[PDB]
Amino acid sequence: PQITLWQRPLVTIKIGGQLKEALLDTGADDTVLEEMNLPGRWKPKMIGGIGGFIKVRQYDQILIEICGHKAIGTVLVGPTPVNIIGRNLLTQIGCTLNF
């Protein structure tokens, strides 16, 4: 699809068999989701946002569907104002910016 930016680019994602709403964020290098359960082991990661740095849990090779496109990659879990799909997964779904 072609998504305009008059409103927030919120889409449905599917992870762990559940639907969630998430923001397509070209300013984010990584994908960060609000508190949830994911399988396997996690590693520590510090991420910097507009307000400062936060600790998150890094899970690798996680299956996630974004706006109907399947991806398998790194998902960070932590305190975020909204679920964000960052460039690591936007590249997997073939997303570009155009003007």
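One-based numbering along the sequence shown.
Asks: Should the higher mean CA B-factor in the entry be assigned to 69 to 77 or to 49 to 57?
Replies: The entry gives the higher C-alpha B-factor average to 49 to 57.
Asks: Tell me, please, which of 12, 18, 91, 83 has the highest C-alpha B factor according to the deposited entry?
Replies: Among 12, 18, 91, 83, the highest C-alpha B-factor in the entry belongs to 18.
Asks: Using only modelled residues of the chain, where does the Cα B factor of residue 27 rank: lowest third, middle third or highest third?
Replies: Tercile = lowest for this residue's CA B-factor.
Asks: Determine, from the deposited record, the chain-internal third of the Cα B-factor for residue 36: lowest, middle or highest.
Replies: As the PDB entry reports it, the C-alpha B-factor of residue 36 lands in the middle third of its chain.
Asks: How does residue 5 rank on Cα B-factor within its chain, lowest, middle or highest third?
Replies: Its C-alpha B-factor belongs to the lowest third of this chain's values.
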